[PDB]
Amino acid sequence: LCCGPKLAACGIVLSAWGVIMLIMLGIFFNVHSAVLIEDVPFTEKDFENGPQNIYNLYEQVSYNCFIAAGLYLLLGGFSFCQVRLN
Amino acid sequence: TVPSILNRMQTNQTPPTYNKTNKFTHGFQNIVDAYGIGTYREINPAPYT
Amino acid sequence: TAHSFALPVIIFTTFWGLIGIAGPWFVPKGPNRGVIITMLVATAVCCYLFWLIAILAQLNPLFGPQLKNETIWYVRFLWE
């Protein structure tokens, strides 16, 4: 696979930014910080028993962030491969 | 062998303006002068800007 | 939660004051001396005033934040 060097450079920069930002988001989501609450796919029933459930959904979103950061890692490697290929 | 000679003259005319620019400050000086080129050794806005 | 309006003001006031007052005495001689000392002083002034205004905005708060019952329920566990 091949593409123009400028597009490949855009790819690498985009991938790096994605990795960093989503690492930050996953870190804070796994910390369960309140700041990100509204992004949690919480359900009304959960606010009865205790906060452990919302912790686990926080972690679900955190894992999901880490996964997307992984896809960005693969994309970054891919785009770097193309950049050096050109 | 005949020499060159340089003469001063007490001048009522307005001189040009200069600000001893450097790489870092060049953009800022350009920006502050864009609305108008400063006058003779008047306060330069660049350093504080 | 020990967020006094005593220690933060001293720490940050002395921080920016050092930057804006003592640093100019340590900057070496040079052509860029003027812009450098100006940078130090103006940075100290501006940043210190910015942070000061921001914190005094919270000193003696007049009205409280309004929060969804969801977040109130969650924070009751989460925060001090």
# chains A, B, ... in the order shown; residues from 1 in each chain; ligands from 1
$ residues_around --residues "residue A:65" --least-positions-apart "5" --cutoff "7 Å" --atoms "only C-alpha atoms" --output "mmCIF file with N, CA, C and O atoms, in the first residue's frame"
data_model
loop_
_atom_site.group_PDB
_atom_site.id
_atom_site.type_symbol
_atom_site.label_atom_id
_atom_site.label_comp_id
_atom_site.auth_asym_id
_atom_site.auth_seq_id
_atom_site.Cartn_x
_atom_site.Cartn_y
_atom_site.Cartn_z
ATOM 1 N N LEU A 22 -6.663 9.873 23.954
ATOM 2 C CA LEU A 22 -7.485 8.783 24.442
ATOM 3 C C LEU A 22 -6.823 8.068 25.612
ATOM 4 O O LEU A 22 -7.521 7.510 26.461
ATOM 5 N N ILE A 23 -5.490 8.097 25.696
ATOM 6 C CA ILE A 23 -4.815 7.620 26.897
ATOM 7 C C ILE A 23 -5.221 8.470 28.090
ATOM 8 O O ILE A 23 -5.526 7.953 29.171
ATOM 9 N N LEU A 25 -8.004 10.241 28.434
ATOM 10 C CA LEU A 25 -9.406 9.991 28.741
ATOM 11 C C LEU A 25 -9.580 8.654 29.451
ATOM 12 O O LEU A 25 -10.325 8.555 30.428
ATOM 13 N N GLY A 26 -8.907 7.610 28.964
ATOM 14 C CA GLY A 26 -9.000 6.315 29.612
ATOM 15 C C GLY A 26 -8.451 6.330 31.023
ATOM 16 O O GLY A 26 -9.022 5.719 31.926
#
$ interface_residues --of "chain C" --to "chain B" --cutoff "7 Å" --atoms "only C-alpha atoms" --output "VMD selection string"
chain C and resid 35 38 42
$ select_by_dssp --residues "chain A" --states "alpha helix (DSSP H)" --output "ChimeraX atom specification"
/A:5-31,51-85
$ atom_distance --atom1 "atom CA of residue A:30" --atom2 "atom CA of residue C:64"
28.3 Å
$ closest_atom_pairs --of "chain C" --to "chain A" --cutoff "8 Å" --atoms "only C-alpha atoms" --output "Markdown table"
| residue | atom | partner | partner_atom | distance |
| --- | --- | --- | --- | --- |
| C:70 | CA | A:47 | CA | 7.3 |
| C:71 | CA | A:37 | CA | 7.2 |
| C:73 | CA | A:47 | CA | 6.9 |
| C:74 | CA | A:51 | CA | 6.5 |
| C:75 | CA | A:34 | CA | 7.0 |
| C:77 | CA | A:51 | CA | 6.6 |
| C:78 | CA | A:34 | CA | 7.7 |
$ write_last_selection --atoms "N, CA and C atoms" --output "PDB file, in the first residue's frame"
ATOM      1  N   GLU C  70     -28.432  12.814  39.345  1.00  0.00           N
ATOM      2  CA  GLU C  70     -27.480  11.753  39.046  1.00  0.00           C
ATOM      3  C   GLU C  70     -26.107  12.087  39.607  1.00  0.00           C
ATOM      4  N   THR C  71     -25.594  13.271  39.268  1.00  0.00           N
ATOM      5  CA  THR C  71     -24.254  13.621  39.716  1.00  0.00           C
ATOM      6  C   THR C  71     -24.218  13.831  41.219  1.00  0.00           C
ATOM      7  N   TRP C  73     -25.932  12.124  43.428  1.00  0.00           N
ATOM      8  CA  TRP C  73     -25.883  10.773  43.972  1.00  0.00           C
ATOM      9  C   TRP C  73     -24.489  10.186  43.831  1.00  0.00           C
ATOM     10  N   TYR C  74     -23.862  10.393  42.674  1.00  0.00           N
ATOM     11  CA  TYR C  74     -22.531   9.838  42.448  1.00  0.00           C
ATOM     12  C   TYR C  74     -21.480  10.542  43.307  1.00  0.00           C
ATOM     13  N   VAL C  75     -21.532  11.873  43.366  1.00  0.00           N
ATOM     14  CA  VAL C  75     -20.513  12.618  44.094  1.00  0.00           C
ATOM     15  C   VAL C  75     -20.594  12.321  45.579  1.00  0.00           C
ATOM     16  N   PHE C  77     -20.921   9.658  47.117  1.00  0.00           N
ATOM     17  CA  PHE C  77     -19.914   8.629  47.332  1.00  0.00           C
ATOM     18  C   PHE C  77     -18.521   9.155  47.008  1.00  0.00           C
ATOM     19  N   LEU C  78     -18.364   9.783  45.840  1.00  0.00           N
ATOM     20  CA  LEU C  78     -17.025   9.931  45.277  1.00  0.00           C
ATOM     21  C   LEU C  78     -16.166  10.909  46.074  1.00  0.00           C
TER      22      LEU C  78
END
$ residues_around --residues "stretch 34-44 of chain B" --least-positions-apart "3" --cutoff "10 Å" --atoms "only C-alpha atoms" --output "list in words"
residues 14, 15, 16, 17, 18, 19, 28, 29, 30, 31, 47, 48 and 49 of chain B
$ residues_around --residues "residue C:45" --least-positions-apart "4" --cutoff "10 Å" --atoms "only C-alpha atoms" --output "list in words"
residues 16, 17, 19, 20, 39, 40, 41, 49 and 50 of chain C
$ atom_distance --atom1 "atom CA of residue C:26" --atom2 "atom CA of residue C:44"
15.6 Å
